[PDB]
There are 2 protein chains.
Amino acid sequence: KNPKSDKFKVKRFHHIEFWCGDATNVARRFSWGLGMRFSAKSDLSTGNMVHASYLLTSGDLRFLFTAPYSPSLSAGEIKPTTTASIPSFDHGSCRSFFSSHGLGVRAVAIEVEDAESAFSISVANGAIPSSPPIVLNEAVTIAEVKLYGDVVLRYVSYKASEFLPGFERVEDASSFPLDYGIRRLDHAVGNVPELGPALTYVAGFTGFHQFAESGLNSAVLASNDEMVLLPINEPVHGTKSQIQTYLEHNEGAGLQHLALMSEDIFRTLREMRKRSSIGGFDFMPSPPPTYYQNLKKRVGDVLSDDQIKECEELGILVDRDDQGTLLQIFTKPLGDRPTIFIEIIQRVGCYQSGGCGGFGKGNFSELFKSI
Amino acid sequence: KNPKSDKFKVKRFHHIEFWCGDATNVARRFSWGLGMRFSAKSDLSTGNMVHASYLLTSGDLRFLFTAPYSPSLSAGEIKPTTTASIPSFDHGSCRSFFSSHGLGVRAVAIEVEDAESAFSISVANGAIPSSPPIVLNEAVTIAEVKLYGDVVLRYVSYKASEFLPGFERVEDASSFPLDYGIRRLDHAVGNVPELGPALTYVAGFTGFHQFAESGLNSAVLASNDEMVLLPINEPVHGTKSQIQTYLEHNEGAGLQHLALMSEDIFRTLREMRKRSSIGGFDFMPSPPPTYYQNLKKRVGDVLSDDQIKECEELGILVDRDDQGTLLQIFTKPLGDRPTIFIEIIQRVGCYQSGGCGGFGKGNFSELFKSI
Ligand SMILES: CC(C)(C)n1nc(-c2ccc(Cl)cc2Cl)c(C(=O)c2ccc(S(C)(=O)=O)cc2Cl)c1O
Ligand SMILES: CC(C)(C)n1nc(-c2ccc(Cl)cc2Cl)c(C(=O)c2ccc(S(C)(=O)=O)cc2Cl)c1O
Ligand SMILES: [Fe+2]
Ligand SMILES: [Fe+2]
């Protein structure tokens with residue numbers, strides 16, 4: 001069942017903010033690799049003396065890339081006089097986050113009905129406050145609470161093309177319209193040392209209900225309509241687990257993978273694979289000959305032999321459950337450390353029902369099986 | 001005149017090493033933007049638990065991109081037991097360099113006859129030692145001395161496709177052969193607060209001879225054959241200077257620009273300009289209508305009206321001196337801060353004579369003039 005126990009009104013995923021060393025180069029790599037458009041900016045050219053922030057958009061998915069300038073530039077500023085466009089930004093936290101964890105997701109942003117209320121309620125139910133609700137230009141309100149490790153859950157809300165006050169639109173010869181068909185964030189997954197408490201903490205302050213060898217135990221938390229999915233993994237050892245390997249290279253808990261829905265996974269993967277070796281993203285090694293042999297018996301009704309074989313061409317993995325089918329594939333790590341990666345997905349069956357077709361639990365032993 | 005006063009035998013530029021936050025994304029941006037090939041690597045996959053280093057090559061130009069992993073990975077190592085492939089690497093210095101200056105050049109590497117001797121001699125003539133000569137796998141010897149700010153002059157020497165011991169070749173489906181025609185480093189320029197002492201210091205320890213409004217005073221230091229060019233600028237104020245603007249955003253002295261020679265500047269600029277908005281590098285605003293009108297009188301004999309107008313198409317600036325002509329164009333800053341940039345050049349007239357045609361001093365008042 002889905003209890004619908006949300007403690008405050010949640011709408012949709014709103015954006016993912018990466019904390020980087022140099023925002024410019026990462027966005028520009030991400031843009032070309034993922035087919036994402038340069039749509040907004042906040043930096044020196046827009047009067048921001050604190051941080052450089054660049055927004056990539058594709059359909060409704062928004063990726064934000066941020067880095068700190070020399071503190072010397074804003075040394076005359078105080079919070080009340082700040083030129084930062086994201087009031088929660090902190091030079092030390094960012095440099096500290098980036099030193100300890102490397103390129104990674106700092107904030108999972110969700111749009112809510114009233115972020116002020118979202119923050120209060122959440123903190124009343126045990127959330128660790130990170131940034132208090134700030135009202136920007138009397139139009140947008142943001143707040144932040146701790147999610148897991150140094151990742152924050154960011155609440156955004158609008159009085160109601162615009163990202164945020166202070167961000168300028170790139171509407172231009174500077175924003176080419178790349179688009180490899182990716183459209184929205186499906187899920188955002190965290191790696192933590194202990195699942196239970198992570199779950200109890202997060203479920204405790206949001207009201208998100210459990211949508212709930214491998215080397216992992218996982219659980220999925222979700223909003224009332226199940227359109228915000230926030231899964232969490234923990235490792236398991238002795239008889240290494242790949243979640244532990246993440247925790248060691250990441251220096252503790254963080255965001256593991258960003259599942260990005262595509263309106264056509266075949267075109268998305270043609271386009272992304274054309275660019276792997278030329279500035280884009282590499283993909284995990286393709287499953288076997290045989291794995292494409294066993295899909296013939298199990299996805300039949302979903303997929304004609306033609307649509308199948310072309311999964312074999314693009315290294316797409318398939319899985320299924322009573323509610324539907326799902327097409328997925330995984331990138332290699334996005335940066336230097338073997339930590340955060342990206343998943344490209346498309347769900348068949350089920351607006352459509354959030355979480356349609358599972359998350360590929362099936363694929364594990366059915367890749368395996370083909371070797 | 002050129003005195004030929006080198007204190008030790010110098011051969012050619014050998015490589016430029018950038019210190020980055022995340023080496024992976026910068027190399028991958030640089031590769032696509034500049035038409036440079038992924039040729040070698042040293043990282044976790046090659047057994048390097050200390051740093052991730054990725055080599056871009058184009059003709060003879062080598063760009064190296066390096067970043068630190070979590071120190072936790074090599075906590076059991078001591079210098080004698082290190083898995084670093086570049087023995088001079090230091091986790092703190094790198095993170096400290098990167099925090100203070102942001103994306104930038106850490107090392108200007110020159111190949112010498114004997115780096116051990118190069119280091120001793122230089123330190124005997126007043127160089128500030130940075131890293132002592134280390135012999136790698138009984139084949140290559142590197143040493144480092146301070147150049148200016150936190151930039152080091154790196155001496156490399158071979159017992160004699162290989163970069164260095166410990167670097168693996170990417171010879172593969174992983175190293176696509178991009179090539180927009182860039183072939184070698186022409187010059188490497190530093191911005192410092194005071195020109196005199198910088199010059200006296202550097203000229204003092206190398207023996208490099210002086211090959212020697214704007215808002216700057218500059219001087220060019222050069223090797224015996226004048227194939228290694230190491231120019232230095234200082235600012236001038238009151239009656240801001242753009243060198244001062246660099247010094248403020250960079251947090252002091254550093255490397256200003258990398259002049260990259262192309263075997264065909266028109267093809268290099270077609271290819272680079274195709275990619276500006278799609279993961280590549282942006283170029284400074286093109287000079288006027290009129291500037292292309294005045295080239296008609298002054299480059300005539302060098303360039304037919306056809307070859308000229310196509311400078312106007314690509315925003316290429318031209319300049320000249322008795323020894324020859326030179327074609328040049330400048331990128332916008334390569335990273336977040338308005339600091340380091342790249343120059344694309346091609347020299348006509350003058351093997352060819354190092355420094356043929358000047359550095360574009362002429363272009364300054366002749367851009368100006370066209371506005
Ligand atoms: C339940 C949840 C939402 C957290 N979830 N669980 C997985 C998942 C499944 C299996 C393994 Cl090993 C690891 C993960 Cl993270 C998961 C995956 O997106 C997933 C599915 C399959 C595989 S693969 C390529 O077959 O082995 C890898 C991953 Cl990472 C996911 O979302
Ligand atoms: C002598 C030396 C080797 C250091 N050198 N000097 C310049 C130079 C010339 C003029 C100004 Cl303003 C600044 C620099 Cl750095 C220089 C340039 O490569 C150069 C030439 C022209 C212009 S522009 C586009 O006309 O104004 C800008 C630059 Cl950055 C250069 O190498
Ligand atoms: Fe997933
Ligand atoms: Fe130059």
# chains A, B, ... in the order shown; residues from 1 in each chain; ligands from 1

$ residues_near_ligand --ligand "ligand 2" --cutoff "8 Å" --atoms "only C-alpha atoms and all ligand atoms" --output "PyMOL selection string"
chain B and resi 187+189+212+214-216+218-220+230-233+242+256-257+259+317+328-330+343+358-367

$ write_last_selection --atoms "N, CA and C atoms" --output "CSV table (one decimal), in the first residue's frame"
chain,number,residue,atom,x,y,z
B,187,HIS,N,54.5,29.7,-26.7
B,187,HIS,CA,54.9,30.4,-25.5
B,187,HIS,C,54.0,30.2,-24.3
B,189,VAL,N,53.0,32.3,-20.8
B,189,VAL,CA,53.1,33.7,-20.2
B,189,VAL,C,52.6,33.8,-18.8
B,212,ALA,N,63.0,39.8,-24.8
B,212,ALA,CA,62.4,41.0,-24.4
B,212,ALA,C,61.6,41.7,-25.5
B,214,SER,N,48.0,50.1,-22.8
B,214,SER,CA,48.1,48.7,-22.6
B,214,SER,C,47.7,48.3,-21.2
B,215,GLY,N,48.4,48.9,-20.2
B,215,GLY,CA,48.1,48.5,-18.8
B,215,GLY,C,49.1,47.5,-18.4
B,216,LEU,N,50.2,47.2,-19.2
B,216,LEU,CA,51.2,46.3,-18.9
B,216,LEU,C,52.6,46.7,-19.3
B,218,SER,N,55.9,44.2,-20.3
B,218,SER,CA,56.2,42.7,-20.5
B,218,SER,C,57.6,42.5,-20.9
B,219,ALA,N,58.1,41.3,-20.7
B,219,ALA,CA,59.4,40.9,-21.2
B,219,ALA,C,59.4,39.4,-21.6
B,220,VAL,N,60.2,39.1,-22.6
B,220,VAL,CA,60.3,37.7,-23.0
B,220,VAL,C,61.6,37.1,-22.7
B,230,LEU,N,59.3,32.1,-22.4
B,230,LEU,CA,58.7,32.3,-21.1
B,230,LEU,C,58.5,33.8,-20.8
B,231,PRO,N,57.6,34.4,-21.4
B,231,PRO,CA,57.3,35.8,-21.1
B,231,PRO,C,56.6,36.1,-19.8
B,232,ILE,N,56.8,37.3,-19.3
B,232,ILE,CA,56.2,37.8,-18.0
B,232,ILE,C,55.7,39.2,-18.2
B,233,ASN,N,54.5,39.4,-17.6
B,233,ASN,CA,53.9,40.7,-17.6
B,233,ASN,C,53.8,41.2,-16.1
B,242,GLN,N,44.4,45.2,-16.6
B,242,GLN,CA,43.9,43.9,-16.8
B,242,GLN,C,44.7,42.8,-16.1
B,256,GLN,N,49.3,33.3,-17.2
B,256,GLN,CA,48.2,34.0,-17.9
B,256,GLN,C,47.7,33.3,-19.1
B,257,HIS,N,48.6,33.0,-20.1
B,257,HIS,CA,48.1,32.4,-21.3
B,257,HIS,C,49.0,31.4,-21.9
B,259,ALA,N,50.1,30.0,-25.5
B,259,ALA,CA,50.0,30.2,-26.9
B,259,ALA,C,50.3,28.9,-27.7
B,317,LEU,N,43.1,37.8,-35.7
B,317,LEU,CA,43.8,39.1,-35.8
B,317,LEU,C,45.2,38.9,-36.4
B,328,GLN,N,46.8,35.3,-35.0
B,328,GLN,CA,46.5,35.0,-33.6
B,328,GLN,C,45.0,35.3,-33.3
B,329,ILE,N,44.5,34.6,-32.3
B,329,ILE,CA,43.2,34.8,-31.7
B,329,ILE,C,43.2,34.3,-30.3
B,330,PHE,N,42.3,34.9,-29.5
B,330,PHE,CA,42.3,34.6,-28.0
B,330,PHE,C,41.0,34.0,-27.5
B,343,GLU,N,45.7,31.2,-26.4
B,343,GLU,CA,45.9,31.9,-27.7
B,343,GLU,C,46.2,30.8,-28.8
B,358,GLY,N,56.6,38.4,-34.0
B,358,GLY,CA,56.3,39.1,-32.8
B,358,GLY,C,55.2,38.4,-32.0
B,359,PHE,N,54.4,39.1,-31.2
B,359,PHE,CA,53.4,38.5,-30.3
B,359,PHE,C,52.1,39.3,-30.4
B,360,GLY,N,52.1,40.2,-31.3
B,360,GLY,CA,50.8,41.0,-31.5
B,360,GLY,C,50.8,42.3,-30.8
B,361,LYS,N,52.0,42.8,-30.4
B,361,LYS,CA,52.0,44.2,-29.8
B,361,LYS,C,51.2,45.2,-30.7
B,362,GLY,N,51.5,45.1,-32.0
B,362,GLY,CA,50.8,45.9,-33.0
B,362,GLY,C,49.3,45.8,-32.9
B,363,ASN,N,48.7,44.6,-32.8
B,363,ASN,CA,47.3,44.4,-32.7
B,363,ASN,C,46.6,45.3,-31.7
B,364,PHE,N,47.1,45.5,-30.5
B,364,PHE,CA,46.5,46.4,-29.5
B,364,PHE,C,46.0,47.7,-30.1
B,365,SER,N,46.8,48.6,-30.5
B,365,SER,CA,46.3,49.9,-31.0
B,365,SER,C,45.6,49.8,-32.3
B,366,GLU,N,45.9,48.7,-33.1
B,366,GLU,CA,45.1,48.5,-34.3
B,366,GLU,C,43.8,47.8,-34.1
B,367,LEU,N,43.5,47.3,-32.9
B,367,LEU,CA,42.1,46.9,-32.7
B,367,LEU,C,41.3,48.2,-32.4

$ interface_residues --of "chain B" --to "chain A" --cutoff "8 Å" --atoms "only C-alpha atoms" --output "number ranges by chain"
B: 20-26, 28-29, 31-32, 52, 69-70, 73, 95, 98-103, 173-176, 178, 249-251, 277-280, 335-337

$ residues_around --residues "stretch 6-16 of chain B" --least-positions-apart "5" --cutoff "7 Å" --atoms "only C-alpha atoms" --output "list in words"
residues 61, 62, 63, 64, 105, 107, 108, 109, 110, 111, 112, 113, 118, 185, 206, 207, 208, 223, 224, 227 and 228 of chain B

$ atom_distance --atom1 "atom CA of residue B:298" --atom2 "atom CA of residue B:321"
10.8 Å

$ select_by_dssp --residues "stretch 103-265 of chain A" --states "alpha helix (DSSP H)" --output "PyMOL selection string"
chain A and resi 115-124+195-206+242-250+265

$ select_by_dssp --residues "stretch 90-256 of chain B" --states "strand (DSSP E)" --output "number ranges by chain"
B: 104-112, 129-136, 140-148, 151-158, 168-169, 182-191, 209-210, 216-222, 229-235, 254-256

$ atom_distance --atom1 "atom CA of residue A:344" --atom2 "atom CA of residue A:2"
25.8 Å

$ atom_distance --atom1 "atom CA of residue B:304" --atom2 "atom CA of residue B:356"
19.7 Å

$ residues_around --residues "stretch 78-94 of chain A" --least-positions-apart "4" --cutoff "6 Å" --atoms "only C-alpha atoms" --output "NGL selection string"
:A and (48-50 or 68 or 98 or 131 or 166)

$ residues_around --residues "residue B:345" --least-positions-apart "5" --cutoff "6 Å" --atoms "only C-alpha atoms" --output "PyMOL selection string"
chain B and resi 260-262+327-328

$ closest_residue --among "A:221, A:147, A:316, A:348" --to "residue A:284" --atoms "only C-alpha atoms"
A:316

$ decode --residues "stretch 329-367 of chain A" --atoms "N, CA and C atoms" --output "mmCIF file, in the first residue's frame"
data_model
loop_
_atom_site.group_PDB
_atom_site.id
_atom_site.type_symbol
_atom_site.label_atom_id
_atom_site.label_comp_id
_atom_site.auth_asym_id
_atom_site.auth_seq_id
_atom_site.Cartn_x
_atom_site.Cartn_y
_atom_site.Cartn_z
ATOM 1 N N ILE A 329 20.090 1.527 -18.282
ATOM 2 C CA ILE A 329 21.513 1.387 -18.559
ATOM 3 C C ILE A 329 22.292 2.341 -17.657
ATOM 4 N N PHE A 330 23.517 1.964 -17.300
ATOM 5 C CA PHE A 330 24.300 2.692 -16.315
ATOM 6 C C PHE A 330 25.602 3.256 -16.863
ATOM 7 N N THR A 331 25.905 4.504 -16.512
ATOM 8 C CA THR A 331 27.180 5.087 -16.894
ATOM 9 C C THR A 331 28.280 4.618 -15.940
ATOM 10 N N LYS A 332 29.514 4.741 -16.418
ATOM 11 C CA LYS A 332 30.643 4.716 -15.493
ATOM 12 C C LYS A 332 30.551 5.966 -14.629
ATOM 13 N N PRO A 333 31.315 5.988 -13.551
ATOM 14 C CA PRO A 333 31.392 7.148 -12.684
ATOM 15 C C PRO A 333 31.539 8.429 -13.486
ATOM 16 N N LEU A 334 30.944 9.509 -12.993
ATOM 17 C CA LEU A 334 30.916 10.780 -13.704
ATOM 18 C C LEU A 334 32.190 11.598 -13.536
ATOM 19 N N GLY A 335 32.928 11.362 -12.458
ATOM 20 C CA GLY A 335 34.132 12.125 -12.160
ATOM 21 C C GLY A 335 35.316 11.227 -11.825
ATOM 22 N N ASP A 336 36.309 11.768 -11.125
ATOM 23 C CA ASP A 336 37.518 11.018 -10.811
ATOM 24 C C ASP A 336 37.248 9.794 -9.949
ATOM 25 N N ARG A 337 36.482 9.920 -8.875
ATOM 26 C CA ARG A 337 36.309 8.790 -7.962
ATOM 27 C C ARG A 337 35.235 7.829 -8.430
ATOM 28 N N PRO A 338 35.391 6.542 -8.125
ATOM 29 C CA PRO A 338 34.378 5.532 -8.386
ATOM 30 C C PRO A 338 33.189 5.673 -7.454
ATOM 31 N N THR A 339 32.440 6.762 -7.585
ATOM 32 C CA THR A 339 31.372 7.125 -6.677
ATOM 33 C C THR A 339 30.065 7.327 -7.437
ATOM 34 N N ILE A 340 29.717 8.570 -7.744
ATOM 35 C CA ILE A 340 28.418 8.868 -8.336
ATOM 36 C C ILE A 340 28.363 8.479 -9.809
ATOM 37 N N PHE A 341 27.230 7.889 -10.187
ATOM 38 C CA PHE A 341 26.970 7.554 -11.579
ATOM 39 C C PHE A 341 25.550 7.941 -11.984
ATOM 40 N N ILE A 342 25.283 7.786 -13.275
ATOM 41 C CA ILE A 342 23.998 8.133 -13.868
ATOM 42 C C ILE A 342 23.349 6.901 -14.492
ATOM 43 N N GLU A 343 22.036 6.808 -14.322
ATOM 44 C CA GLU A 343 21.234 5.762 -14.941
ATOM 45 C C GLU A 343 20.256 6.387 -15.932
ATOM 46 N N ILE A 344 20.185 5.835 -17.134
ATOM 47 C CA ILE A 344 19.212 6.282 -18.124
ATOM 48 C C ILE A 344 18.056 5.288 -18.127
ATOM 49 N N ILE A 345 16.814 5.742 -18.015
ATOM 50 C CA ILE A 345 15.714 4.793 -17.955
ATOM 51 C C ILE A 345 14.509 5.220 -18.795
ATOM 52 N N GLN A 346 13.664 4.234 -19.072
ATOM 53 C CA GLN A 346 12.369 4.459 -19.692
ATOM 54 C C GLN A 346 11.419 3.360 -19.222
ATOM 55 N N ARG A 347 10.247 3.766 -18.749
ATOM 56 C CA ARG A 347 9.295 2.813 -18.198
ATOM 57 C C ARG A 347 8.138 2.546 -19.153
ATOM 58 N N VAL A 348 7.830 1.265 -19.353
ATOM 59 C CA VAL A 348 6.691 0.917 -20.180
ATOM 60 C C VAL A 348 5.537 0.291 -19.353
ATOM 61 N N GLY A 349 4.342 0.869 -19.528
ATOM 62 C CA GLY A 349 3.090 0.405 -18.867
ATOM 63 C C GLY A 349 2.523 1.536 -18.023
ATOM 64 N N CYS A 350 1.754 1.206 -17.076
ATOM 65 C CA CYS A 350 1.289 2.153 -16.068
ATOM 66 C C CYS A 350 0.471 3.368 -16.416
ATOM 67 N N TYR A 351 -0.919 10.773 -17.257
ATOM 68 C CA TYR A 351 0.311 10.449 -16.542
ATOM 69 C C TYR A 351 0.543 8.940 -16.519
ATOM 70 N N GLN A 352 1.722 8.532 -16.076
ATOM 71 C CA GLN A 352 2.069 7.124 -15.885
ATOM 72 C C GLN A 352 2.326 6.847 -14.408
ATOM 73 N N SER A 353 2.326 5.600 -13.944
ATOM 74 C CA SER A 353 2.480 5.375 -12.507
ATOM 75 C C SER A 353 3.947 5.455 -12.089
ATOM 76 N N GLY A 354 4.246 6.415 -11.217
ATOM 77 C CA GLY A 354 5.596 6.517 -10.682
ATOM 78 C C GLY A 354 6.118 5.169 -10.244
ATOM 79 N N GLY A 355 7.325 4.811 -10.665
ATOM 80 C CA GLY A 355 7.958 3.570 -10.249
ATOM 81 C C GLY A 355 7.522 2.357 -11.056
ATOM 82 N N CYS A 356 6.912 2.591 -12.209
ATOM 83 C CA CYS A 356 6.392 1.542 -13.059
ATOM 84 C C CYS A 356 7.450 0.559 -13.538
ATOM 85 N N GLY A 357 7.390 -0.695 -13.107
ATOM 86 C CA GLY A 357 8.315 -1.691 -13.630
ATOM 87 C C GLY A 357 9.490 -1.990 -12.718
ATOM 88 N N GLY A 358 9.595 -1.325 -11.572
ATOM 89 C CA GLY A 358 10.640 -1.666 -10.610
ATOM 90 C C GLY A 358 11.884 -0.828 -10.820
ATOM 91 N N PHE A 359 13.050 -1.324 -10.405
ATOM 92 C CA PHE A 359 14.291 -0.560 -10.481
ATOM 93 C C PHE A 359 15.414 -1.413 -11.063
ATOM 94 N N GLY A 360 15.030 -2.613 -11.490
ATOM 95 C CA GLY A 360 15.972 -3.536 -12.095
ATOM 96 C C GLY A 360 16.545 -4.527 -11.106
ATOM 97 N N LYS A 361 15.881 -4.795 -9.975
ATOM 98 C CA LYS A 361 16.339 -5.866 -9.090
ATOM 99 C C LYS A 361 16.526 -7.152 -9.881
ATOM 100 N N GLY A 362 15.585 -7.470 -10.761
ATOM 101 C CA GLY A 362 15.687 -8.612 -11.643
ATOM 102 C C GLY A 362 17.000 -8.684 -12.402
ATOM 103 N N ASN A 363 17.428 -7.581 -13.010
ATOM 104 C CA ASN A 363 18.625 -7.552 -13.834
ATOM 105 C C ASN A 363 19.863 -8.111 -13.158
ATOM 106 N N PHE A 364 20.084 -7.844 -11.881
ATOM 107 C CA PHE A 364 21.229 -8.385 -11.172
ATOM 108 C C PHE A 364 21.520 -9.848 -11.478
ATOM 109 N N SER A 365 20.655 -10.772 -11.055
ATOM 110 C CA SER A 365 20.951 -12.195 -11.238
ATOM 111 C C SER A 365 20.778 -12.613 -12.695
ATOM 112 N N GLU A 366 20.009 -11.858 -13.476
ATOM 113 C CA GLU A 366 19.917 -12.133 -14.898
ATOM 114 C C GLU A 366 21.032 -11.518 -15.722
ATOM 115 N N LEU A 367 21.928 -10.688 -15.199
ATOM 116 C CA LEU A 367 23.143 -10.388 -15.965
ATOM 117 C C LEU A 367 24.093 -11.558 -15.706
#
